[PDB]
Amino acid sequence: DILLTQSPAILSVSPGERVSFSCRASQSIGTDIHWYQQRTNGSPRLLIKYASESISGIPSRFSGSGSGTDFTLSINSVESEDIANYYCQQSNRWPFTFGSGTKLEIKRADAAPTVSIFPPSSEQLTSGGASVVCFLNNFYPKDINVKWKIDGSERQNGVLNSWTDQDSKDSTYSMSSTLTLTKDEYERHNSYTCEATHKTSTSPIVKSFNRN
Amino acid sequence: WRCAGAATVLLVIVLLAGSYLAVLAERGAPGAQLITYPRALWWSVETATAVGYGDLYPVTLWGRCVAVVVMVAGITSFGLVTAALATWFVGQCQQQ
Amino acid sequence: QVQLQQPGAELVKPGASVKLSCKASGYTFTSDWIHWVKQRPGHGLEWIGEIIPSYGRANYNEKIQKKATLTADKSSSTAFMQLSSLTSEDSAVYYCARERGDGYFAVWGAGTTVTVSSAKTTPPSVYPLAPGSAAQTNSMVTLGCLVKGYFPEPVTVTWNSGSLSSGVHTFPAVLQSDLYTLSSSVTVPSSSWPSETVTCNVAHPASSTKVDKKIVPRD
Ligand SMILES: CCCCCCCCCO
Ligand SMILES: [K+]
Ligand SMILES: [K+]
Ligand SMILES: [K+]
Ligand SMILES: [K+]
Ligand SMILES: [K+]
Ligand SMILES: [K+]
C-alpha cells in the first residue's frame, strides 16, 4: 500500500509569500496524485488533480508539480482564506491512500483582542441557571489568558474556555470564556469582570458590569 | 463489404467492455494498477493489438479472464480490420 | 445543487448499529464509484471503502478492522454504509464522495457526525447575548447567542440565516456532564442594530430541532 508522507506537518508563512507543501510516496506513482483542501469544519475540496492539472473554480495561485515519488503543492502569494489542512491522495495502485496532512498557518501583524462581557439573559435566569459570557475576539498571536473577578476577588470555579482555530478571514484567533453558576449565587454578588491579558498590552484589557 | 465496419464495431465493444470489466475485477487487489477506466481502455488496445508494452496488466484471476476474452475477441476483430485495410491497399496497387 | 446529501448526525449506543445514507444528484454514469471516508476529530482522512452502484460490488480497506458494509440502490440514487457493533473508536465524521472512475474525489458530501454513546439526545437551549446597559458603543457592536446543554454534536449556527457571514465566530463546543455548550458571536456596524434585525439560527440535527432567537436590546 502506497504510504504518502506529508512533511513538515505545519507550515508557518507571512502573507503574500509563496508556500510549498511536500508529498512523498513510498514508491513511484507517476503523476497520479491529487490535492485537497479542508477548512475548519468543512468538507475536503479538490484543488489539483494528476499532480498539476487545475480545477475549475480554484484560484490561479494554486499550482502543483512533481512526478515519480516527490510532489509539491504551491500557493503563489498566500492569503487568509488559504488557512486550512491540505491532503494528498494517490490513485496509482489499489487501494487509494491519503497523506497525513499539512496545516497552513499565517504569521500576521499583532492585534489586541476586542473584549465584550455579557450578563445572563432573562430566559436563562427564569430556569435556574446563570452564565456570564466573555468574548475575546480577533487577537494575534494565539497566546492569551482570561481572569474572572467577582466583587474584586478572582474566581476559578465554573469557568469554561473555548478557542477557535486561526480565522480564515483575517488570520486572527478568538476565545470565549463562560462562567456558569446557579441563579442564587449570581444574585448574591454585584460586579462581574473578565480580564484579558495579551502580548499586545501590559495593562489587562478588562470589561465589567454591575448587576445593579 | 461494409462488414469491416461491423468488425470495427465489435472491436470497440470489446475494448469498452474490457475496460469496464478489468477495473471491476482489479479493484480490491492490493498493488493492482489496472483500476481506472481511461488507462484500462489504453490497456485494452495494447492487448487487442497484441503489442503488450507491459506498463499495465491484470493481477487477479478475473482480470486475467477478462484479458483472455479481450485477447480472443480483440485480436480476432482487430485482425479483420487490418485485413480489410490491407486488401483495400492492394486494390489501390492495381490502379497503379 | 448539492450533489451528495448526508444526514447531519447519528447517535448509536455502544454495540448497536447504524446505516448511513448518501443521496446523489447531478450527472450519474455507469463509471461512478461512491467512496466512504472516516475522519476522527483532530485526525486525518482514512479511506473506508468503495462501491460501484451500476454493478453493486464493494471493496474495503484491508488495513483496518472490517466494520462497514456498503450497498446501493439505483432507484433512489442512494448509497448506504452499514456500521455494525460500534464502540467509542468508531465515533467520527463519515464522508461520502463520488469518483468518476478516474482516481480523484471530485465531489464530497458534508459528512455525518456519528457519536457512539449511551447518553440521551437532548435539544439545546438558546439564549441571546446583548450588551449590558452600561457598555459603551464603538463604531461596531458585538452580539452573540449561547447554545447550552445539548447532545450529541453537532449544532449549526447561522446569523440572519446566512446573510451575516462576515464577522462571525462560532467557538468549539465544550463537553460537561454529558452535555455540550458553545457560543457564537457576530459583529455589525453599531448604527445598524437594532434598527436592522439580527437573529441567530441554531440547528441540532440529532434531535431534528431548529431554533431562531432574536437579539433585542435589554428585555
Ligand atoms: C470474464 C468476465 C469476468 C467479469 C469480472 C467479474 C468481477 C469479479 C469481481 O470479484
Ligand atoms: K507482443
Ligand atoms: K510485448
Ligand atoms: K513487454
Ligand atoms: K517491462
Ligand atoms: K519493467
Ligand atoms: K500476427
# chains A, B, ... in the order shown; residues from 1 in each chain; ligands from 1

call {"tool": "residues_around", "arguments": {"residues": "residue 128 of chain A", "least_positions_apart": "5", "cutoff": "12 Å", "atoms": "only C-alpha atoms", "output": "number ranges by chain"}}
result
A: 120-123, 180-187

call {"tool": "residues_around", "arguments": {"residues": "segment 40-47 of chain B", "least_positions_apart": "5", "cutoff": "6 Å", "atoms": "only C-alpha atoms", "output": "number ranges by chain"}}
result
B: 15, 19, 34, 52

call {"tool": "write_last_selection", "arguments": {"atoms": "N, CA and C atoms", "output": "PDB file, in the first residue's frame"}}
result
ATOM      1  N   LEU B  15     -13.204  -3.482 -26.634  1.00  0.00           N
ATOM      2  CA  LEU B  15     -12.329  -2.565 -25.908  1.00  0.00           C
ATOM      3  C   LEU B  15     -13.059  -1.903 -24.745  1.00  0.00           C
ATOM      4  N   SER B  19     -12.418  -2.618 -20.745  1.00  0.00           N
ATOM      5  CA  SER B  19     -12.017  -1.569 -19.813  1.00  0.00           C
ATOM      6  C   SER B  19     -12.916  -1.561 -18.585  1.00  0.00           C
ATOM      7  N   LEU B  34      -4.466  -1.601 -12.814  1.00  0.00           N
ATOM      8  CA  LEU B  34      -5.497  -1.565 -13.853  1.00  0.00           C
ATOM      9  C   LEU B  34      -6.857  -1.220 -13.241  1.00  0.00           C
ATOM     10  N   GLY B  52       1.358  -5.170 -26.242  1.00  0.00           N
ATOM     11  CA  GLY B  52       1.669  -5.586 -24.885  1.00  0.00           C
ATOM     12  C   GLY B  52       2.925  -4.989 -24.280  1.00  0.00           C
TER      13      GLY B  52
END

call {"tool": "residues_near_ligand", "arguments": {"ligand": "ligand 4", "cutoff": "8 Å", "atoms": "only C-alpha atoms and all ligand atoms", "output": "list in words"}}
result
residues 51, 52, 53, 54 and 55 of chain B

call {"tool": "write_last_selection", "arguments": {"atoms": "C-alpha atoms", "output": "CSV table (one decimal), in the first residue's frame"}}
result
chain,number,residue,atom,x,y,z
B,51,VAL,CA,1.6,-5.1,-28.7
B,52,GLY,CA,1.7,-5.6,-24.9
B,53,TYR,CA,4.2,-3.0,-23.6
B,54,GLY,CA,3.6,-4.2,-20.1
B,55,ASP,CA,3.0,-0.8,-18.5

call {"tool": "atom_distance", "arguments": {"atom1": "atom CA of residue 164 of chain A", "atom2": "atom CA of residue 34 of chain A"}}
result
28.6 Å

call {"tool": "residues_around", "arguments": {"residues": "residue 154 of chain A", "least_positions_apart": "5", "cutoff": "12 Å", "atoms": "only C-alpha atoms", "output": "number ranges by chain"}}
result
A: 146-149, 159, 191-195

call {"tool": "decode", "arguments": {"residues": "segment 21-37 of chain A", "atoms": "N, CA, C and O atoms", "output": "compact mmCIF listing (two decimals), in the first residue's frame"}}
result
# COMPACT_ATOMS: atom_id res chain seq x y z
N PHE A 21 3.82 22.84 -0.25
CA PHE A 21 3.54 21.64 0.53
C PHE A 21 4.19 20.44 -0.14
O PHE A 21 4.14 20.31 -1.36
N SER A 22 4.79 19.56 0.66
CA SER A 22 5.52 18.41 0.15
C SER A 22 4.73 17.13 0.41
O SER A 22 4.23 16.92 1.52
N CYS A 23 4.63 16.28 -0.62
CA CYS A 23 4.05 14.95 -0.51
C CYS A 23 5.00 13.97 -1.18
O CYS A 23 5.38 14.16 -2.33
N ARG A 24 5.39 12.92 -0.45
CA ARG A 24 6.33 11.93 -0.95
C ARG A 24 5.73 10.54 -0.83
O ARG A 24 5.26 10.15 0.24
N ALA A 25 5.75 9.79 -1.93
CA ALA A 25 5.19 8.46 -1.97
C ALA A 25 6.26 7.41 -1.72
O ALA A 25 7.43 7.59 -2.08
N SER A 26 5.86 6.30 -1.10
CA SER A 26 6.79 5.23 -0.76
C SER A 26 7.32 4.49 -1.99
O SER A 26 8.30 3.76 -1.88
N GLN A 27 6.68 4.66 -3.15
CA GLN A 27 7.22 4.18 -4.41
C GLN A 27 6.66 5.05 -5.52
O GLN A 27 5.75 5.86 -5.31
N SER A 28 7.21 4.88 -6.72
CA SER A 28 6.86 5.75 -7.84
C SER A 28 5.41 5.55 -8.25
O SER A 28 4.95 4.42 -8.41
N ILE A 29 4.68 6.66 -8.41
CA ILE A 29 3.26 6.60 -8.74
C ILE A 29 2.95 7.51 -9.92
O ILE A 29 1.82 7.99 -10.06
N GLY A 30 3.94 7.75 -10.77
CA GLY A 30 3.71 8.54 -11.97
C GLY A 30 3.30 9.96 -11.63
O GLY A 30 4.02 10.69 -10.93
N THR A 31 2.12 10.36 -12.11
CA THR A 31 1.53 11.65 -11.76
C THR A 31 0.16 11.49 -11.12
O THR A 31 -0.62 12.45 -11.10
N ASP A 32 -0.15 10.30 -10.61
CA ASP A 32 -1.48 10.01 -10.07
C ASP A 32 -1.59 10.45 -8.61
O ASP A 32 -1.79 9.66 -7.69
N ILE A 33 -1.45 11.76 -8.40
CA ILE A 33 -1.61 12.36 -7.08
C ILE A 33 -2.59 13.53 -7.19
O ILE A 33 -2.61 14.25 -8.19
N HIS A 34 -3.42 13.69 -6.16
CA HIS A 34 -4.45 14.71 -6.14
C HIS A 34 -4.44 15.41 -4.79
O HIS A 34 -4.17 14.79 -3.76
N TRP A 35 -4.73 16.71 -4.81
CA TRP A 35 -4.63 17.56 -3.63
C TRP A 35 -6.00 18.06 -3.20
O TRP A 35 -6.83 18.42 -4.04
N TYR A 36 -6.23 18.09 -1.89
CA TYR A 36 -7.49 18.54 -1.33
C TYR A 36 -7.23 19.57 -0.24
O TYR A 36 -6.20 19.55 0.43
N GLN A 37 -8.20 20.47 -0.07
CA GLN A 37 -8.19 21.47 0.98
C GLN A 37 -9.39 21.24 1.89
O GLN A 37 -10.50 21.00 1.41
